[PDB]
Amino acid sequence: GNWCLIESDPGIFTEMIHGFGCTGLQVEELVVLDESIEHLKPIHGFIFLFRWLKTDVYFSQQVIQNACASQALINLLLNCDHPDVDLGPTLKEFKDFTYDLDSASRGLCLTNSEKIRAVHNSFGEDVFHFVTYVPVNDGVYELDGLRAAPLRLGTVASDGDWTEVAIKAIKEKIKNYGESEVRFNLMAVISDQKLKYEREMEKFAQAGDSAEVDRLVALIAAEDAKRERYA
């Protein structure tokens, strides 16, 4: 009631991540469930939106309903463990302080954060819900802010692609709706591709490879145009 609803748009979610102070990531919309995303690796998590049919994992449960977009995104980010990714002071301080708090109390603390509430609202009866999927150690978990605990979907590795487990869980969730229900959205949280291209570009520049620099300029320009259309 004091929290707006949030549109399932990968551009908005990329901006929310930045707004929370976290750098090194972007959000990419998935268009089909057979979409190969080998080139998007590493995938840090999935954000999945569907119509609500009424100890090493960080997880917070919602105590307000309309916070689900921010809460799902924060549940994902606080499970990210990667050199590409800096959570920033706001989210690191939140995670440190709430480390030994139960899941609903974490939701309360998140709900009371003025910075988070601010960021959230700066971007905004069937109810549509966001949930998060994330790998932690050798497990894959669904983080649904309505439940009291993470849901372990399966185990992964050694060779394993964790995304197979999550995608399987998502397909099977879609098989629960009318074979005509199509109101879903799936997004992947991946490393910042522009930052990746700029790092490579500076290395090829140093190596004296004009051809590869120009092709990286083309990739960067392509990425910028794509980011602009999402605006």
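Numbers for residues come from their place in the sequence shown, where the first is 1.
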(message) Please classify the coordinate gap between residue 54 and residue 55 in terms of deposited residues: none, 1 to 3, 4 to 9, or 10 or more.
(response) 10 or more
(message) Checking chain continuity here. Are there deposited residues lacking coordinates between residue 124 and residue 125, and if so is it 1 to 3, 4 to 9, or 10 or more (or none)?
(response) 10 or more
(request) Quick one: say whether 177 to 185 or 195 to 203 has the higher mean Cα B-factor in the deposited entry. (result) 177 to 185
(request) On mean C-alpha B-factor from the PDB entry, just flag whether 70 to 78 or 114 to 122 is the higher one. (result) 114 to 122
(message) Going by the CA temperature factor in the PDB record, which third of the chain does residue 160 belong to: lowest, middle or highest?
(response) highest
(request) Ordered by C-alpha B-factor within the chain, which third holds residue 63? Give me lowest, middle or highest, please. (result) lowest
(message) Where does the C-alpha B-factor of residue 89 rank in its chain, lowest, middle or highest third?
(response) middle
(request) Rank-wise, by C-alpha B-factor, drop residue 83 into the lowest, middle or highest third of its chain. (result) highest
(request) Could you look up the Cα B-factor of residue 43 in the entry and say which third of the chain it sits in: lowest, middle or highest? (result) middle
